Ligand SMILES: NC(=O)c1ccc[n+]([C@@H]2O[C@H](COP(=O)([O-])OP(=O)(O)OC[C@H]3O[C@@H](n4cnc5c(N)ncnc54)[C@H](OP(=O)(O)O)[C@@H]3O)[C@@H](O)[C@H]2O)c1
Ligand SMILES: NC(=O)c1ccc[n+]([C@@H]2O[C@H](COP(=O)([O-])OP(=O)(O)OC[C@H]3O[C@@H](n4cnc5c(N)ncnc54)[C@H](OP(=O)(O)O)[C@@H]3O)[C@@H](O)[C@H]2O)c1
């Protein structure tokens, strides 16, 4: 398999040391395309996690004390190494998580861009001087690393989730203990390996593998951890925020979404269809910003449905390492069951399957890209994140009406719409209750803009100048002359 | 009492209406100097709070839709009214909370400044344009009001605590339901009255008085509330943050502090003493940023102690309405009990009373300005928040030792130090784990600088350009050409 | 006359004293509507200007040394006084410059807004801290007043031109010597009077009246003057910039414009006509941002021309003090002469007058609002600033053609266009070589956005956070630990 | 000689082509250490410069149209190449300009950092959105490249002067025509060569060699050039600013300095001496920020003078290619003469040579580091830029006195002072009329902070987030809904 075999790691990284769990237990990792065992990863608990936090704390003063340029040098080394080893990293990711190799290569590039961006940002952590309240007073604001930080990351973007958190943390001058998804830990550990090679000192970046709560409970209850960042389900987000209350930790969360994708009568339809295909079926729909509800205005509903159906039959389901495959398997059978459930629920409420609608002939974790039409506003899918390759099409008549429908949810991460009228664009863009709004495009991803949710969708922002804020503390100094 | 009798309110403000509780129950409010009943306020519960939230929700679109200048006009009217009625407002505050009239006048001025500052800041909510990731993409960031907000405020700064939250909320384009302290609600309600007179529309700013549980539980559990701001004890902060997890609310907290006040060998000792007197004994020590631990270097310990004792003998205890009174009573008998406990604890651990030491001859809520020496680091008085006119005094050797001692706490709000050497000032200023650092000054309060805590001391900042951020949501728009 | 007779001043203000010229010579000021003498102002020269500069220099340390808040108090007093005396100030302006009373009241309000805006901005002059290049280095940037400043202002906006320069100068902590237009000096002197009443100290703001080059030569050659701001003709801009080279003065310039006004096929035509009317005929076309060239796409040319002609009928010419008058006289005979020359030049090159086109029946400085068609691109009116009620109409074919035509000029001040298509709006908005671009609106004026030109049109910006920059010097401080 | 022989170029670079002058005339370049001919560069004039401007103009749309990241990729390649070829570039520079090899290597590294920094800054050109003046208005500010730019650079920092201007220009999206110093053109042309290798397209960066005004007259009179940046003498700065007035060009200037270096009673003397040695004798005192006047307080004057004299023994004069040489030759005989003239005027006015005092035994351009004492304020050296290894020592009594003396000059570039007292540091730091202030350090150079002068010392800033502003135009767009 790999050009560089040392990128494949079956041990956790704590304080510069590759280690097994104290008790020797491991978690098996399997290939979602076929069920084959790829390897394993330590099943760590509180004790190893505690040791990792103590290592992060011990390494903090010396990391914090480096110049921004010397941190930038190390981080840029990390970035360069990621790009150098791109092919191996992509292969590793396809094997453990399932997405097509081209998608995985794209993710490596995107993931790496966070390391580069924040290396640069670290040199631009600006304080302020503020005109004084009295002639004999001087006011200075500085921004300093929050300290030891914890990160919990999901399985759907096994590389980019890491770098979206480690990038700003390390560039801020913080240290980090990261717990990657048990289903896709290899990508995280490979990045850890490249961090060593880049010159990241022992204890500055630690990767601890184990079962959800064992590691997580220690991360949220240890007062040395001053900041937690989590990406995943809304329910676990709730529990983690509750747990963080004891120490009044600063918490960043990127949670559930239920993205509306809105096509107005004045849209460029071919572009809407391309946007919809890219937005819905990226990572087989296993994305927090995937179109989950497709609202199409009555004037263009029939034409759009036809074009979308034409475009969808062109997708190739298969093993993500094979030529021309554009839809891989879902992560597990639990993901499949949810897609199945959403389809059944839409049917019981009067929707019609136009195409797909069932598990793929391959079985296992493979599901057919599917289109539902005549989907009513009371359907589960209208309220609940699908996380799979299902396009449900909601009809609409009126702009005010669709805005009300789009916003009628506790979530508020990404939304998309297609329209050409300037005034319409402003009205809809402004009225949508979402943290991210794609306008005439289905692909919004980059490292330079703030990515995050409002409402039940989360707290804080990732990427951009705003992204590093969450890892800093403001200090106000008032000097008496 | 008052020049304008209509400033004294004994009813809550909901949706522009002055109301009693539905069940007509009231909370009595007494004068802490003597125990006299001043009046009462409604004892509202979930029902009235719910109705207030619904009013704030209803009022939000039209408030949000005003220009920043028209919001500024209304807020500047409120500011001007506060300053016009300064004398009445100060009197009202002295009567209900106890502080000397001059301190109350000072607080009105400071409280009002937040309204003015944020009126101005509202016009300066700047979005961004960011260079695109592709030639056919445009990136725009806008900042919009988070929506309906809740505020819970304490008794120690009965006017400033209101304006530090209502100012940025309203200027951001949010609406607000505020629950003021049951011991000092009149200040809040007078401000409410002036908000009506200023042109603040019905439902934009609501003040609900009642039991903490009954009002607070509704604030934290109603999903229409998207943001909570609280100032008070660390334990209630923990509970409120837990409760906010359900809706993933944005939370601002300003909590406990245990402020170290550090005097180095090279300090101006007369200035250090002045700063210590101002910092420790302001509001009789009932301040979240009050000096709570006095660290004085070996070389100057004896001289500082002598000078401090000279300066303190000049302190005058009495009714806050009387000439020359500089120490008023504490807020209630439990305030006294805590101070008494901290003394008892330090003595049992081998400390010495240098002056004060017990409850004043007047009795009731009055307490003797107290200094302790020979206090060990594990004493209640040096680990917990005292909120009384009691200071332990510590000797230290050098820079390294005192920094370690200063930072050896779960808190992180304010710290102070006195030194003249430039290098020392940077070293100590940077090393202190506090959100606020006073350097050669004991008074750091203003509206223009970010005020808040790190660690267990809070989340978010109040005042300054950063203050309004906590009430805004960032929206990223990506336009496809 | 006036409600407050002391607003009418016939003396200059130097160092808090109302003075005549040393030689007692005066400049007569006449009413452009009828030629009546209104009064006179001192005809000052180098001597009095030098004394004004010395007074500004002398007052600088104490003005600079005030807190931002105390400068804000004084400037807000000035703002408030301007609004209080709005009616008198508007009357005074209509009498001396000619514009309709409603336009003059509008200008007072707009002029005043600069004083308020900058009073606020003075409190928000932010320095920086920058991460250091070495561990033992600290980098701090502060912004300080440039020092003594000079302002030269034109006759077309006799109040707003003052406040757009004095506002940011005084808020920055600078002092100022201002030379107003000889044709409209009363508005400037009234403002000066209000500055006294507001608490602006002697020598902080001085108004010297006199003949262009005598006062100007002293302003540009005196090394105590560190900054010059000028609004007027391009040719005088060139000369003043040349003169400022000796001392390497910081120079702000707002110069000539030749504003294209572009109407696309997909425009809302009624809104385009309304915008065109407002943009072209405001201040009788005597505005640096007035539509000077009207480009209308082939598909809508005929309809637009018809509608514009209908709308122009409801403009009423007369004395600006009379009810319903919407076009006053031009400033003088020379202005009438330039409009006649533009029309004559157009006609001899094949142009055709649609309506108007001759001096008004009243004579003097009154001119008929005029539409010209068949105007060649080599016509004086398509190349030069007209500053009169003259609307030439240009046909166009496609977007790329009109952009090339709009940009084919040395000027680059304001441009306007009307379109509904989102992509078109971006393409055109981005490609126009102008400092200010109105999109689907003819009225772009406010204090909060940066106003200024590119190319031969000027240097620097007025209004906004960028406006105060031109009156500050950046100071970089590098501290060695 | 060089590792990479193609770095040594004897032709100009215009539109991607290496060219001789139209008339084949060349300028000889000699080694200042011995007078040897190194080679020559074209003696170009108006015609070639005009062709270069046309080439820059032609290349602008496609350079402007790239994404910020693709410009960053090209610029980072340039940076990397500079660091890769550091040894050759350093050698080339030492040969043509004379400075020690270690100084030259340091300049290459410093010069390269501007290219890196601005590559990063280009991705961070932020526009704004501003809250509207009316509910139906939206305000957007964008920042766009100013267009074709011209740069004129001096001989003292033959690499860093180029990159300080080309860096921000190209990162802004501008194109550039650069005229390097005729005495040190090879460094510029080598950088040009690496720009080709980096992927900088033809016409984006042009280097035209020629003698002063020939090239300069065309740069300043050609209206396609919209921005000029110049570093050199004050007198040429004045002339260039005058010439730029015709087109109202945006002008950046870094001119003469006369840096005061102030040592207070409470300074660390050994550190002051080290700082003074580094500040005064870097590049043999041929730097715009070199200490030119040494003010030492009465209490420490004698001790400082003794220590400075001891330290001046650590200076080793010779060929910059030889081991341990720390002072090279001056640039030419005219430089030697000016130093001899300053010493003579100082002695004529009563000053005394403590050490050195005349040309170095080698002759040619070699001069002895000199200390003067007993220097009066009327000496030329107190008013004029020496640009040579001459340290004059002034005695001062107190703070107010030295501040007044320091500021008593038309210059305002760099100043330095040594003091430990916090209050003193603020007082003096704030009161100094300089763009750059070193505090307890003699070395202030970096790419992250704004570098530039006030008063007659310049316009604009180089390095930092501010550095790019001078190369952008602000565009205000106002959208009507
Ligand atoms: N991009 C996203 O915002 C995102 C990502 C993933 C899932 N989801 C949503 O969640 C749904 C299904 O849930 P899921 O199982 O994939 O995600 P989940 O339960 O929210 O878990 C996400 C990650 O958090 C860890 N985790 C769970 N509970 C924890 C705890 N108490 N303490 C510490 N860590 C804990 C898990 O670790 P283990 O791997 O060890 O179990 C997992 O890697 C999906 O269908 C999707 O809608 C969203
Ligand atoms: N860092 C600085 O601010 C700096 C730098 C250099 C000099 N100086 C000052 O000037 C003195 C040295 O004299 P200098 O002859 O080197 O100074 P200068 O006359 O200002 O020359 C500086 C550079 O600008 C070029 N130049 C001069 N006039 C020009 C014009 N009209 N158009 C276009 N380019 C023009 C020259 O090119 P050519 O080589 O082709 O003649 C030279 O390389 C020093 O003693 C110092 O005080 C200061």
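First residue shown is number 1, and so on along the chain.
We read in the header that X-ray crystallography, 2.3 Å was used to get this structure.
Cβ coordinates are placed from backbone N, Cα and C, and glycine is handled just like the others.
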(message) Quick check on the annotation: Swiss-Prot has D:155, D:156, D:179, D:180, D:181, D:182, D:232, D:233, D:385 binding NADP(+), so which of D:255, D:269, D:422 does it put in that site too?
(response) D:255
(request) Output, ordered by sequence, the same-chain residues six or more apart from residue D:181 (NADP(+) binding site) with a CB under 8 Å from its CB, or 'none'. (result) D:153, D:154, D:155, D:158
(message) Among all protein chains shown, how many Cβ atoms are found within 10 Å of the Cβ of residue D:288 (active site, nucleophile), not counting that one?
(response) 28
(message) By the criterion CB under 8 A from chain C, which of the recorded positions D:181, D:254, D:255 would you report?
(response) D:255
(message) Give me the count of other Cβ atoms within 10 A of the Cβ belonging to residue D:254 (active site, proton acceptor).
(response) 27
(message) Checking the spread of the NADP(+) site as listed (D:155, D:156, D:179, D:180, D:181, D:182, D:232, D:233, D:255, D:385): what is the longest Cα-Cα distance, in whole Å?
(response) 24
(message) Just to confirm: which same-chain residues, 6+ apart in sequence, have a Cβ under 8 Å from the Cβ of residue D:179 (NADP(+) binding site)?
(response) D:49, D:150, D:151, D:152, D:153, D:207, D:208, D:209, D:210, D:215, D:216, D:219
(message) Sub-8 Å Cβ contact with chain B: please pick out which of the recorded positions D:155, D:179, D:232, D:254, D:255, D:288 have it.
(response) none
(request) Counting Cβ neighbours within 10 Å across all chains shown, tell me which of the binding-site residues D:155, D:255 comes out on top. (result) D:255
(request) Taking the Cβ of residue D:232 (NADP(+) binding site) as the reference point, list residues of the same chain whose Cβ is under 8 angstroms away and which are at least six residues distant in sequence. (result) D:152, D:154, D:255
(message) For the C-alpha pair, I'd like the distance in angstrom between residue D:254 (active site, proton acceptor) and residue D:288 (active site, nucleophile), rounded off.
(response) 9
(request) Would you identify the secondary structure of residue D:232 (NADP(+) binding site) according to DSSP, in three states? (result) coil
(message) Please report the three-state DSSP label of residue D:181 (NADP(+) binding site).
(response) coil
